[PDB]
Amino acid sequence: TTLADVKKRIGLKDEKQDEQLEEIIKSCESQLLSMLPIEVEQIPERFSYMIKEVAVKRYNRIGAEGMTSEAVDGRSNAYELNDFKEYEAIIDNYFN
Amino acid sequence: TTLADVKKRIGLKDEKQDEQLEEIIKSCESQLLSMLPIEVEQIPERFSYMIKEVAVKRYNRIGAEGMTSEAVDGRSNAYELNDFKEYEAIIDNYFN
Amino acid sequence: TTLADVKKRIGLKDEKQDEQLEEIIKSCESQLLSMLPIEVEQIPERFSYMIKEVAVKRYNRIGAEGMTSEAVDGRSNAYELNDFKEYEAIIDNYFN
Amino acid sequence: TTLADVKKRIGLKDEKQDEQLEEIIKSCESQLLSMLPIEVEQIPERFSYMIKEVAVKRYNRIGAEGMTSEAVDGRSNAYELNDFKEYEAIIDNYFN
Amino acid sequence: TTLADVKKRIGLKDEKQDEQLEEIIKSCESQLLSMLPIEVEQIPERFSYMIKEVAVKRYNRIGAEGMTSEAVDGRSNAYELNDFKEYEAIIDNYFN
Amino acid sequence: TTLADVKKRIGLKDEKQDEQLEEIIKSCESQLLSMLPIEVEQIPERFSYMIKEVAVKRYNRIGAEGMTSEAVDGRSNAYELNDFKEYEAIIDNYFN
Amino acid sequence: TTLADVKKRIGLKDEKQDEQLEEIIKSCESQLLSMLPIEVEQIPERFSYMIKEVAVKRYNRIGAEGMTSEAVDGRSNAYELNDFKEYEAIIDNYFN
Amino acid sequence: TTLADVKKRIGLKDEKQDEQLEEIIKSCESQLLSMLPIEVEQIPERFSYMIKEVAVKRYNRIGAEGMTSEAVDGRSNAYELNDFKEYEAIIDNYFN
Amino acid sequence: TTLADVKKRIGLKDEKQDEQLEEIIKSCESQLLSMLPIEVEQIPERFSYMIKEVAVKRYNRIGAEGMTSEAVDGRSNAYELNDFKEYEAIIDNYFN
Amino acid sequence: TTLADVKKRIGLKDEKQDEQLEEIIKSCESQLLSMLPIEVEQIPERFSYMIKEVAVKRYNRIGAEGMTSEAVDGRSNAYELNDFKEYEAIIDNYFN
Amino acid sequence: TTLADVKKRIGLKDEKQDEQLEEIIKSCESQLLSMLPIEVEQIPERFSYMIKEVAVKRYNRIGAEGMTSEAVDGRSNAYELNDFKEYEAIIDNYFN
Amino acid sequence: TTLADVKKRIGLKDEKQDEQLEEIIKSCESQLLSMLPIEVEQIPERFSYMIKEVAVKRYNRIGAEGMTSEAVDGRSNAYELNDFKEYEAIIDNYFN
Amino acid sequence: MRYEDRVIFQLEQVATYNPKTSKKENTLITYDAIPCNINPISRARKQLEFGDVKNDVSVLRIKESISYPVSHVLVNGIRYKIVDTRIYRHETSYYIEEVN
Amino acid sequence: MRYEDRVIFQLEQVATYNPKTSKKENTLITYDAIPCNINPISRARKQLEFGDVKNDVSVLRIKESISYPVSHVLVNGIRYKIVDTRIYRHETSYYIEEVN
Amino acid sequence: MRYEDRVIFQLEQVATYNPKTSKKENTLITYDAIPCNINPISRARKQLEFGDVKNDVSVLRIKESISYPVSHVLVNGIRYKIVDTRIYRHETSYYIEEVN
Amino acid sequence: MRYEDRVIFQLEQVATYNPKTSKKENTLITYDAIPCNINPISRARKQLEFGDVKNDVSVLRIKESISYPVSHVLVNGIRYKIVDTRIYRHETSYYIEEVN
Amino acid sequence: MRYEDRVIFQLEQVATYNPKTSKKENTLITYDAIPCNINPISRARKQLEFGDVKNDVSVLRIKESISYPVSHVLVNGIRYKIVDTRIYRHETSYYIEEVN
Amino acid sequence: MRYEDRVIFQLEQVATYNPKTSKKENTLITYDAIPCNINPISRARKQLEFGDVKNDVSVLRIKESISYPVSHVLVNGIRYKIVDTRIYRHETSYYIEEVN
Amino acid sequence: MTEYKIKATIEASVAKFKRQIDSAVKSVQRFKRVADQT
Amino acid sequence: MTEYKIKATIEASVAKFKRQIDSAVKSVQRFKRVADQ
Amino acid sequence: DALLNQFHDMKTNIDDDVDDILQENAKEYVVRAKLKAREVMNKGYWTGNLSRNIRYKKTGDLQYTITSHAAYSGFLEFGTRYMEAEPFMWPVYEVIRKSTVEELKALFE
C-alpha cells in the first residue's frame, strides 16, 4: 500500500512516526507474501487491504509485540492472539 | 454504500471524521468482496448492508483494532473475536 | 415494520432519534431478508415481529455494535453474542 | 390474552405503561404463533398461558433486551438466554 | 389447589397479594396441564402438590421471572434454572 | 410422620410456625408418595424417615424455595439442587 | 448406638441437646437400614460405627441440612455433598 | 493401637481430651476392620499404623466432620474428601 | 533411618521434638513397608531415603494431616495431595 | 538483517543498547536457521523478515525471558508461549 | 557431585548451611540412583548435573517440602509438582 | 559458548556474578548434551545458541529454580513450565 | 424479591410555629399498608450525648412506586425516618433509620 | 448504552456586579434537548447548616460530544450543576449534582 | 453451625437513684443456659485512661430466638455486654464486648 | 500502547530574584513534540480559596525516555506541571496536573 | 505449620511501689522454651518522641496451649510484649511487639 | 529474581557532639557493591516546609543476607536511607527512601 | 487451592496532635495565672 | 495477602500560637510593674 | 477568655471523630467493591461468592482493614498464567483515598 492510506485510517496528520510505520508496512507485506503459495510473486490487489489492516493492528501493538497483556499506570490492554488469523480463512479458501 | 448512511446510523452529524470513515468503508467493501466466490466481480445488493454494519463495528473499535480488551480509569471495552463471523455463515449459505 | 411500532415499545415519544431508528430498522430488514432462501422476495408477515425485536436489541446496543462488554463510569452492560440467534431456529424450521 | 391478566399478575394497577405492554403482548403472540406447526392458524388454548408468562419476562427485561447483564450504582441484573427455552420442549412434545 | 393452601405455606395472613397469587396459581395449573399427555384432561390429585410448590417458587421470584440473578442494595438472589425440573422426572416416569 | 418429631429435631419448642410445618410435611409426604411405583398406595415404613428429613431441609429453605442462593449484609445461604436426590437412589434400589 | 457414645465424641457433657441428638441418631439408623438389602432386618454391628460418625456430621450440620454453604457474621462453613458417601463403597462391597 | 502413641505423635501431653481420642480410635479401628475382606477377623499388624494416621487426621478435623471448609475471621481450614482414600489402594493391592 | 539424618536436614539442633519425629519416622517406615510386595520383609536400602524425605514432609504438615490448605493469622500453607505420590512410580517400576 | 532496520522499527535512535540487540539478532538468525530443513545452508530471503519481527519481540522481553508474567506496582506484562509459534506454520507450509 | 559446585551455583559463600546441603545432595543422589535401571550400580557421568540441579531446587524448597504454596506478609512461593519430572523423560529416552 | 556472549545479552558489565553464570552455562551444556542421541559427543554448533538462551532464562530464574510463582514485596514473577520445551521440537525434528 | 413484609408509610407534615401559643404541632398523614421486602432487624448500640440507644439502620424495597409523598415508615413495629430513596425503573428502594 | 432520556443543557453566564444598583443578575443560555443516559434518581439526605435537603449526586452520558459551553443540566425535572466532565473518544460523561 | 458452647444470658435491670442513701443498686436477672456458637477468644490490648486491659470483642450465635429481655452474656467465664443483636429468620446473632 | 497524541515538553527555568528591580523573571525552554499516550481529559471541579476551577489530573506515557530536563508539558492545549515521573526499562510514565 | 523456632515465654510480675525506697522492682518468671512458628523478622523505623528506633511487629504460633501465665516472649534474641493472644481449638496465636 | 543492579551499602556512624568545637562530624563506612534487584525509579513531588523536592520511595532485594551493619544505600546514583529491612529465609528485602 | 486473599487498610495517627494540644493548653493556663494577679 | 494502605497523620503548628500567647504574657507583666513599683 | 474549654473538647472528642470517619469510609469501601466486582467480572461464570465475601473489621484503634475473603480473589485482582486481570479493589482504593483525605481535612478546616 501507500503509507498515506494507513496514515489516514489511524488519523495521523504529521511526519513524526513515518519511520516506524514504513517498517511495519514493509513487514506486513513480507509476511503476507510469505503466506501465499510459492508460485505467487506479488500480493494480488484483491488482498491489498489486509496489509493496511494489520499495519493498524501492529501500530496499536507497538511496544507490546510479544505480550498478551500490558498494564501501565492504570492503562490496560489485552491483545488478539494472531494478527492474520481472520485472513487465513480467506487466503486458503481463495487459492484452494 | 454511501458514506452518508453509515454517518446517519452512527448519528455523527459533523465532518470531523470523514477521512477515517471513508477508509473504513473502503476496507469493509474490499474484505466482503474478498469473501465472495472467486468469479463474483460485484457485491450482491442483497449483502450491501453488511458493509454498513461492519463499518459501524469498526468505527466503535477505533483505537482497539488488535486489542481484545481495553481499559482505563473507569472506561472499559471488550471486543468480539471477528467482525464478519455472523456473516460468514450467511454468505456461505447464500452461495451453497 | 412501521417505525411507530418500534417507537412504541422502547417508550419513545419524540422525534430526536428517528434517523437512527430508521437505519436500524432498514438494516434489520435487510439482514432477515438475507437469511431466508434465495427465492424469497419479502419477509413474510409471519416473521414481521423479528424486525421489531431486533430493532429494539440494536437500539440498546447503540454505541457498542462490536463489543461484548461496555463499562462507562459505573454503568456497565454485557451483550448477547448474536441478535438473530433465537430466530434461526424458527426460520430454518419453517422453510425446512 | 387480555392485557388485564398480565397487568394483574405483575401487580401494575395504573395505566402508565399500557402502550408498552400491548406491544410486548402482540410480540409474544406473534412469536408463539411462529413456533407452531406451519398448518396451525391459531394458538391452542392449552398454550394460552405462555403468552402471559413470556410477556412478564419481557416486562422485566425492558431496557435489557439484547443484554445478558446490566449493572448500575446499587442495582444489577442477569438474564437467561432465551425466553421460550422452557416452552420449546413442551410445544415439541405436544405436537410430537 | 385452593389459594389458602399456598397462602398458609408462605406464611401470609392478609389479602393484599391475592390478585397476584391467583394468577400465579392459575399459570402453574395451566403449565402442569401442558406437561401431561394430550389425553389427560385434569392434573391428577397425585400431583396436586406440584402446583403448590411452584406457586411458592414463583412467589419468591416475583419481579425476576426472567433473571438468573437479582441484586438490589446489598440483597442478592440467584434463581433455579427451571421451576418444574424436579417434577419432570416424576411426571414422565409416571406416565411411561 | 407426626409433626412433633420434626418439631423435636429442629429444636423448635414454641408453636409459632406449626401452620407452615404442617404444610411442609403434607407436601413432602405427597412428593414421596409420588416417587413410589404406581401400584403402591402407602409409603413403606422403611422410608418414613425421609418425610422428616426433607421437611427439615425445607424448613431451612423457607424464603428460598426457588433460589439457588440468598445473600444479605453478611448472611448467605447456598442450596443444594434437589431435596430428594439422595433418596431417589435408595427408593430405586429398594424397588429394583 | 447408645447416645452416650456419640455424646462422648462431640465432647458434650450436659443434657441440653439430647432431644435433638436422639432424633438425629434415630434418623441415621433408619437411613442406614434403608441402604442395606431388603432381607437385612438390623444393621450388623460390623457397621455400627457409621451411625455414630454420621450422627456427628449431622450434629455439625444442624441448621444447614439443605445447604452447600452457610455464612453468618464472619463464620463460614461449606458442607460435604453426601453424609454416607464414603460408606456406600463399604456397604456395597460387603454385600456384593 | 495404644492411645499413648497417637497421643505422642500429636504431642498432646495432658489428659484433657482422652475421652474424645478414645472414641476416635475406636472408630478408626472399626472402619478399617470394615474395609478388610469379609473373612478377615483381625486387622493385620502390617496395617496397624493406619489406625494411628487416620486418628490424627480426625483429631485435626474435630468440629468439621461433615464440612469441606471452615473459616472465621482469619483462621481457615479446608479438608480432603476421604480420610482413607490413600489407604483403600494399599489394602486392595495387599489382598489382590 | 536414624533420627539424626532427618534431624540434620530440617535443621534441628535440640531435643524438644524427638518424640514426634520418632513416631513420624516409625509411621513412614510402616507405610513404605506396606507399599512393597507381600514377600518383602524390609525396606531395601535402595529406598531408605524415601523414609527421610516423607518424614520431612510430614514434619512440615504437623497439625494439618488432613487439610488441603491452612491459614493462621496471615500465614498460609497449601499441601500436596499425597506424600508418596512421586515414589509410587519408582517402587512399582522397580518390582515390575 | 541489518541492525539498523530493527533499530528503526523499535524507534530506538541512540546507541545505548546495540550490544544487546546485536546478540538478540544473532540469536534469532541462529534459531531460524535451525528450524529450516537440514540441507538448507541459508535463510531464504522470503523469510528475512522473521528475524526482525522476533528480534523486536525479544527486545520487549528483555528481563523476562524465562517468565510467563512480570509485575511490579502497576507495571505488568504477560508474554505469549513461544516467539516463533506463528512462523512454525509458515516455514512448514513453505517446505511442504 | 562436590558440595562446592552446588555451593557456587547458589552463590552461598559462608558455611552456615553445609549440614543441610550435604543431606540434600545425599538425598538427590540416592533418588537418581533409584530411577536408573535395576542393574546400573553407578550414576552415569552424563547425568551428573541432575544431582546439582535438583539440589538447588530443594535448597529453595527448604521449609516447603510437602507444600504446593507458602505465603506470609506478601512473601509467596508456589512450587512445581515434581522435582525430577523434567528428567524422568531424559533418563527414559537414554535407556530406551 | 563463551561466558562473554551470555554476559553481553543480559547487559552485565562487571565480574560480580561470574561464578554463578559459569555454573549455569556448564549445567545448560550438560543438559543439552543429555538430550542429544547417545552417539553424539558434542553439541553441534548449529544448536550453540540454545546454551546461551537457556543460560539467560536461568539467570532470570535464579533463586526460583523450582517455583512457578514468586512474589517478594510487590515484585511478582511467574515462570515457564520447562526451559527447553521450545527447543525439544527442534532437536527431535533434526535428528529424526 | 420476596415481598412478604407489610410497611405502613407516613408523612409527618410540618406546621408553622405559632408564637401566640409557643406550639408547632405537626400532623401525621398515614397510608394503607404496602407489601415490601426488608433487611433483617439490627439493634446496634448508638451512643448519643445522653447515653446509649438501640438504633436500627436498614433498607426497604417495594415493587414499582407510590404516587404519594412520604417521610417515615412503620414496619415490624419500629418507626423509621427515610434518609434516602432510590428510584429504579420497576423498583423503589428506601434507606431508613429508626427514630430514637 | 441505551440513550433514552432527554437532557437540556444550560450555561449560566456570570454577570459583572454593578455597584450602582447592587445587582449581579446572571443570564441563562439554554439549549435544545439531547438524548442521554443517566443513573437512577437518588434523593439522599444532605445536611446543610440550615437543615436537611434532598440531594442527588449522579452521572449522565452522551454519545460523541457537544460543540458548545455548558454549566448546568436540567433532566427529569431536576436541575444539576456539572462538577466533572470526562471526555472519551466517542462518548462524554458528566458528573452532576443537584442544586439545592 | 455446630452449637457446642453454653451461654448464660443476663439482664442487668437499672434501678432508680435513691438520693436519701446515695445508692442506685441494680439487680441482675439471670437465665438458664442456652446452646450457642461463638468465635475463638481474643485477648486484645485495649488502652484506657488508667492503662492496659485485656479486652475481647466477639460474636455469638443461637438458633431461632429467645422470648426474654437480655443485656449481658456470661460464657467461657467471661462476661460481655451485648452491643448489637441481629435477627435473621431462624437464627439470632449477638455482637458482644467484654466488660472491663 | 497506541502512541497517537503529540506532547510538547517544557522546562521553566527558575531565575534568581533581583531586588533592585523586584523581578524574578523565569525563562521557558521548550522542546520538539514527542509521540505520547494520554488518559482521557477530565475537567473536575477543584475548590480553591478564591473559588472553583476546572482541574485536570492525568497520566502521560512515552516510549523509552528523553535525554533532557523537563518540568511541564503542553498537550491538547492544556499546560500541566509534572508531579511524578516513573522510569521503566523501555517506557516512561509521567503523572501530570493542570496549572490553574 | 512448621514449628521450627524455639520461643522462651516470660511473665514480668508487677511489684507494688515502695514509697520508703522509691522502688517498684518487678520480677521476671521465665519458662522453658517451646517450639513455635513465627513470621520473618521486620525492623521498621518507628518514630518516637526522642527519635528513630528499629521496631518489630510480628505474630507467633504454638500448637495447643500453655498452662501458665505469660506477658513477654524472647525469640530470635529479641524481647517482645504480647499485645494479643488468640485461642483456637488446637492452636494458640500471639500478636507480639518488640520492647524499645 | 533477576539480580542485575549493583548496590553500594553504607553505614553512617554517628559521632558524639563535641561542645568545645560545636561539631558532631559523623563518619561513613562504605562497602563493596552487591548484586541486587530494585523497583523502577520514581521521582514524586514531596512537599516540605521549604518547598518541593523530587523524592523516591522504593524497595531493594538481595539474595541471602549481609554480615555487616548498614544504614544507607547508594544505587542508580541516588542515596537512600533504609527505613525497613525484612529478613526472609533465603532473601533480604530493604525498604528505602531517598535523602532530600 | 491457596488462600490468596487481598487486604486494604485505612488507619490514622492522633498522638502528635494530642501533644501539640497539651502544649497550647498549658501556654494558655500560663496566661490565666498571670491574669489572675492582674 | 497483598495489603493496600491509606495512612492519615494529624498535625497542628502550635509553635506560632505559643509565641503569641507568651508575647501577650510578657506584655501584660509590664503593666503589673508600672502599677506597683 | 474560656478558650481552655475549646481546647479541652478538641483533646477529648476528636478521637471519636476520626474513628467515625474511618468507619464510614471502610463501609463505603466494601459497598463500592461489591459493586465493582460485578462491574468487571462478567465473562459469565458469576455465582457472586466473591461478593458474598468482601468484608471489613476494626483491626486496631483508628485502624480498619477491608478484606476479600474468597480464596481465588487474588487471581482475579492480578490475573494469572491463563487469565487477564480484572482489578476490583484497586479502583476503589483510588476513590476511598480521596474521600478519606478530604473528609479528614473537613474535620479541621
# chains A, B, ... in the order shown; residues from 1 in each chain; ligands from 1

call {"tool": "select_by_dssp", "arguments": {"residues": "segment 1-33 of chain G", "states": "alpha helix (DSSP H)", "output": "list in words"}}
result
residues 3, 4, 5, 6, 7, 8, 9, 18, 19, 20, 21, 22, 23, 24, 25, 26, 27, 28, 29, 30, 31, 32 and 33 of chain G

call {"tool": "write_last_selection", "arguments": {"atoms": "C-alpha atoms", "output": "PDB file, in the first residue's frame"}}
result
ATOM      1  CA  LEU G   3     -26.494 -41.821  72.763  1.00  0.00           C
ATOM      2  CA  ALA G   4     -23.568 -41.693  75.198  1.00  0.00           C
ATOM      3  CA  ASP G   5     -21.052 -42.883  72.600  1.00  0.00           C
ATOM      4  CA  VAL G   6     -21.959 -40.041  70.237  1.00  0.00           C
ATOM      5  CA  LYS G   7     -22.115 -37.654  73.174  1.00  0.00           C
ATOM      6  CA  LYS G   8     -18.546 -38.545  74.144  1.00  0.00           C
ATOM      7  CA  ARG G   9     -17.040 -37.873  70.723  1.00  0.00           C
ATOM      8  CA  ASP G  18     -30.413 -34.751  73.991  1.00  0.00           C
ATOM      9  CA  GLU G  19     -33.763 -34.398  72.242  1.00  0.00           C
ATOM     10  CA  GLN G  20     -32.055 -33.337  69.009  1.00  0.00           C
ATOM     11  CA  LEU G  21     -29.296 -35.948  69.130  1.00  0.00           C
ATOM     12  CA  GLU G  22     -31.861 -38.668  69.816  1.00  0.00           C
ATOM     13  CA  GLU G  23     -33.770 -37.812  66.660  1.00  0.00           C
ATOM     14  CA  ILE G  24     -30.558 -37.462  64.654  1.00  0.00           C
ATOM     15  CA  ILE G  25     -29.375 -40.909  65.745  1.00  0.00           C
ATOM     16  CA  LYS G  26     -32.804 -42.397  65.082  1.00  0.00           C
ATOM     17  CA  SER G  27     -32.723 -40.910  61.579  1.00  0.00           C
ATOM     18  CA  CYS G  28     -29.219 -42.201  60.852  1.00  0.00           C
ATOM     19  CA  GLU G  29     -30.248 -45.690  61.924  1.00  0.00           C
ATOM     20  CA  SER G  30     -33.331 -45.573  59.712  1.00  0.00           C
ATOM     21  CA  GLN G  31     -31.314 -44.365  56.715  1.00  0.00           C
ATOM     22  CA  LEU G  32     -28.552 -46.930  57.019  1.00  0.00           C
ATOM     23  CA  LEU G  33     -31.128 -49.660  57.462  1.00  0.00           C
TER      24      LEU G  33
END

call {"tool": "interface_residues", "arguments": {"of": "chain T", "to": "chain I", "cutoff": "12 Å", "atoms": "only C-alpha atoms", "output": "compact mmCIF listing (two decimals) with N, CA, C and O atoms, in the first residue's frame"}}
result
# COMPACT_ATOMS: atom_id res chain seq x y z
N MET T 1 -1.05 -12.46 50.80
CA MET T 1 -2.02 -11.37 51.12
C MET T 1 -1.42 -9.99 50.82
O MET T 1 -0.70 -9.43 51.65
N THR T 2 -1.72 -9.45 49.64
CA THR T 2 -1.36 -8.07 49.32
C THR T 2 -2.16 -7.11 50.20
O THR T 2 -3.37 -7.26 50.37
N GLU T 3 -1.48 -6.10 50.75
CA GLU T 3 -2.13 -5.07 51.55
C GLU T 3 -1.93 -3.69 50.92
O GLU T 3 -0.79 -3.21 50.82

call {"tool": "closest_atom_pairs", "arguments": {"of": "chain K", "to": "chain L", "cutoff": "8 Å", "atoms": "only C-alpha atoms", "output": "CSV"}}
result
residue,atom,partner,partner_atom,distance
K:5,CA,L:23,CA,7.6
K:8,CA,L:20,CA,6.3
K:9,CA,L:20,CA,4.8
K:10,CA,L:20,CA,7.1
K:11,CA,L:20,CA,6.5
K:46,CA,L:34,CA,6.5
K:47,CA,L:34,CA,7.2
K:49,CA,L:27,CA,6.2
K:53,CA,L:27,CA,7.9
K:56,CA,L:65,CA,7.0
K:57,CA,L:66,CA,4.9
K:58,CA,L:66,CA,7.6
K:60,CA,L:64,CA,6.8
K:61,CA,L:66,CA,7.4
K:74,CA,L:73,CA,6.0
K:75,CA,L:72,CA,4.9
K:76,CA,L:71,CA,5.0
K:77,CA,L:70,CA,5.0
K:78,CA,L:69,CA,4.9
K:79,CA,L:67,CA,4.3
K:80,CA,L:67,CA,5.9
K:83,CA,L:66,CA,7.2
K:86,CA,L:82,CA,7.4
K:90,CA,L:35,CA,6.5
K:94,CA,L:38,CA,7.0

call {"tool": "write_last_selection", "arguments": {"atoms": "N, CA and C atoms", "output": "PDB file, in the first residue's frame"}}
result
ATOM      1  N   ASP K   5      30.262 -27.230  44.232  1.00  0.00           N
ATOM      2  CA  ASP K   5      29.691 -26.721  42.988  1.00  0.00           C
ATOM      3  C   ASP K   5      28.228 -26.320  43.134  1.00  0.00           C
ATOM      4  N   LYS K   8      28.678 -23.027  44.820  1.00  0.00           N
ATOM      5  CA  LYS K   8      28.979 -21.964  43.871  1.00  0.00           C
ATOM      6  C   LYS K   8      27.747 -21.513  43.110  1.00  0.00           C
ATOM      7  N   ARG K   9      26.953 -22.450  42.588  1.00  0.00           N
ATOM      8  CA  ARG K   9      25.787 -22.009  41.832  1.00  0.00           C
ATOM      9  C   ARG K   9      24.847 -21.165  42.680  1.00  0.00           C
ATOM     10  N   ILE K  10      24.491 -21.633  43.871  1.00  0.00           N
ATOM     11  CA  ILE K  10      23.560 -20.852  44.681  1.00  0.00           C
ATOM     12  C   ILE K  10      24.248 -19.666  45.348  1.00  0.00           C
ATOM     13  N   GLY K  11      25.518 -19.432  45.026  1.00  0.00           N
ATOM     14  CA  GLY K  11      26.161 -18.204  45.455  1.00  0.00           C
ATOM     15  C   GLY K  11      26.377 -18.090  46.944  1.00  0.00           C
ATOM     16  N   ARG K  46      27.154 -38.661  32.417  1.00  0.00           N
ATOM     17  CA  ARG K  46      26.296 -37.849  31.565  1.00  0.00           C
ATOM     18  C   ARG K  46      25.190 -37.175  32.359  1.00  0.00           C
ATOM     19  N   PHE K  47      24.748 -37.792  33.447  1.00  0.00           N
ATOM     20  CA  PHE K  47      23.652 -37.271  34.244  1.00  0.00           C
ATOM     21  C   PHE K  47      24.124 -36.579  35.506  1.00  0.00           C
ATOM     22  N   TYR K  49      24.953 -33.779  36.284  1.00  0.00           N
ATOM     23  CA  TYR K  49      24.390 -32.460  36.555  1.00  0.00           C
ATOM     24  C   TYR K  49      23.024 -32.506  37.220  1.00  0.00           C
ATOM     25  N   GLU K  53      21.256 -29.820  39.894  1.00  0.00           N
ATOM     26  CA  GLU K  53      20.070 -29.015  39.623  1.00  0.00           C
ATOM     27  C   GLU K  53      18.972 -29.261  40.640  1.00  0.00           C
ATOM     28  N   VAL K  56      19.591 -27.698  43.978  1.00  0.00           N
ATOM     29  CA  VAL K  56      19.259 -26.287  44.106  1.00  0.00           C
ATOM     30  C   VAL K  56      17.761 -26.116  44.234  1.00  0.00           C
ATOM     31  N   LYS K  57      16.991 -26.873  43.456  1.00  0.00           N
ATOM     32  CA  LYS K  57      15.551 -26.846  43.652  1.00  0.00           C
ATOM     33  C   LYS K  57      15.226 -27.095  45.110  1.00  0.00           C
ATOM     34  N   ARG K  58      15.790 -28.156  45.675  1.00  0.00           N
ATOM     35  CA  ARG K  58      15.430 -28.489  47.040  1.00  0.00           C
ATOM     36  C   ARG K  58      15.938 -27.435  47.999  1.00  0.00           C
ATOM     37  N   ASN K  60      15.976 -24.292  47.517  1.00  0.00           N
ATOM     38  CA  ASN K  60      14.936 -23.270  47.547  1.00  0.00           C
ATOM     39  C   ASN K  60      13.680 -23.728  48.279  1.00  0.00           C
ATOM     40  N   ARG K  61      13.350 -25.011  48.215  1.00  0.00           N
ATOM     41  CA  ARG K  61      12.147 -25.526  48.859  1.00  0.00           C
ATOM     42  C   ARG K  61      12.271 -25.749  50.364  1.00  0.00           C
ATOM     43  N   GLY K  74       2.931 -11.093  52.324  1.00  0.00           N
ATOM     44  CA  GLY K  74       3.133 -10.826  50.912  1.00  0.00           C
ATOM     45  C   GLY K  74       4.318 -11.507  50.263  1.00  0.00           C
ATOM     46  N   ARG K  75       5.165 -12.177  51.031  1.00  0.00           N
ATOM     47  CA  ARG K  75       6.131 -13.131  50.502  1.00  0.00           C
ATOM     48  C   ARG K  75       5.430 -14.435  50.158  1.00  0.00           C
ATOM     49  N   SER K  76       5.419 -14.816  48.880  1.00  0.00           N
ATOM     50  CA  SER K  76       4.692 -16.011  48.476  1.00  0.00           C
ATOM     51  C   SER K  76       5.475 -16.833  47.465  1.00  0.00           C
ATOM     52  N   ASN K  77       5.466 -18.145  47.670  1.00  0.00           N
ATOM     53  CA  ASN K  77       6.018 -19.129  46.749  1.00  0.00           C
ATOM     54  C   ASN K  77       4.931 -20.102  46.319  1.00  0.00           C
ATOM     55  N   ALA K  78       4.989 -20.514  45.056  1.00  0.00           N
ATOM     56  CA  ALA K  78       4.257 -21.665  44.546  1.00  0.00           C
ATOM     57  C   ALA K  78       5.193 -22.599  43.797  1.00  0.00           C
ATOM     58  N   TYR K  79       5.120 -23.890  44.107  1.00  0.00           N
ATOM     59  CA  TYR K  79       6.113 -24.878  43.705  1.00  0.00           C
ATOM     60  C   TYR K  79       5.550 -25.868  42.693  1.00  0.00           C
ATOM     61  N   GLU K  80       6.401 -26.254  41.747  1.00  0.00           N
ATOM     62  CA  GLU K  80       6.108 -27.317  40.794  1.00  0.00           C
ATOM     63  C   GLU K  80       5.946 -28.676  41.463  1.00  0.00           C
ATOM     64  N   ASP K  83      10.093 -32.586  41.369  1.00  0.00           N
ATOM     65  CA  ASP K  83      11.432 -32.089  41.053  1.00  0.00           C
ATOM     66  C   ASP K  83      12.039 -32.747  39.817  1.00  0.00           C
ATOM     67  N   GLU K  86      11.069 -33.143  34.777  1.00  0.00           N
ATOM     68  CA  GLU K  86      11.838 -32.798  33.582  1.00  0.00           C
ATOM     69  C   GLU K  86      12.839 -33.879  33.201  1.00  0.00           C
ATOM     70  N   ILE K  90      14.295 -37.681  30.192  1.00  0.00           N
ATOM     71  CA  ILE K  90      15.640 -37.834  29.658  1.00  0.00           C
ATOM     72  C   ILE K  90      16.232 -39.176  30.064  1.00  0.00           C
ATOM     73  N   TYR K  94      17.263 -42.020  27.355  1.00  0.00           N
ATOM     74  CA  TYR K  94      18.634 -42.509  27.285  1.00  0.00           C
ATOM     75  C   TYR K  94      18.700 -44.022  27.408  1.00  0.00           C
TER      76      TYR K  94
END

call {"tool": "closest_atom_pairs", "arguments": {"of": "chain T", "to": "chain S", "cutoff": "6 Å", "atoms": "only C-alpha atoms", "output": "Markdown table"}}
result
| residue | atom | partner | partner_atom | distance |
| --- | --- | --- | --- | --- |
| T:1 | CA | S:6 | CA | 5.1 |
| T:2 | CA | S:6 | CA | 5.3 |
| T:3 | CA | S:7 | CA | 4.5 |
| T:4 | CA | S:8 | CA | 4.4 |
| T:5 | CA | S:9 | CA | 4.8 |
| T:6 | CA | S:10 | CA | 4.8 |
| T:7 | CA | S:11 | CA | 5.2 |
| T:8 | CA | S:12 | CA | 4.6 |
| T:9 | CA | S:13 | CA | 4.8 |
| T:10 | CA | S:14 | CA | 5.6 |
| T:11 | CA | S:17 | CA | 5.3 |
| T:25 | CA | S:31 | CA | 5.7 |

call {"tool": "residues_around", "arguments": {"residues": "residue 90 of chain P", "least_positions_apart": "2", "cutoff": "7 Å", "atoms": "only C-alpha atoms", "output": "NGL selection string"}}
result
:P and (63-64 or 88)

call {"tool": "write_last_selection", "arguments": {"atoms": "C-alpha atoms", "output": "PDB file, in the first residue's frame"}}
result
ATOM      1  CA  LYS P  63       8.342   5.066  24.686  1.00  0.00           C
ATOM      2  CA  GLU P  64      11.919   4.772  26.010  1.00  0.00           C
ATOM      3  CA  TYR P  88      10.547   1.722  33.433  1.00  0.00           C
TER       4      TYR P  88
END

call {"tool": "residues_around", "arguments": {"residues": "residue 92 of chain P", "least_positions_apart": "6", "cutoff": "9 Å", "atoms": "only C-alpha atoms", "output": "ChimeraX atom specification"}}
result
/P:60-66,85-86

call {"tool": "interface_residues", "arguments": {"of": "chain Q", "to": "chain O", "cutoff": "10 Å", "atoms": "only C-alpha atoms", "output": "count of residues only"}}
result
11

call {"tool": "select_by_dssp", "arguments": {"residues": "segment 7-85 of chain L", "states": "strand (DSSP E)", "output": "list in words"}}
result
residues 67, 68, 69, 70, 71, 72, 75, 76, 77, 78 and 79 of chain L

call {"tool": "atom_distance", "arguments": {"atom1": "atom CA of residue 42 of chain G", "atom2": "atom CA of residue 51 of chain H"}}
result
26.8 Å

call {"tool": "atom_distance", "arguments": {"atom1": "atom CA of residue 29 of chain Q", "atom2": "atom CA of residue 53 of chain O"}}
result
20.6 Å
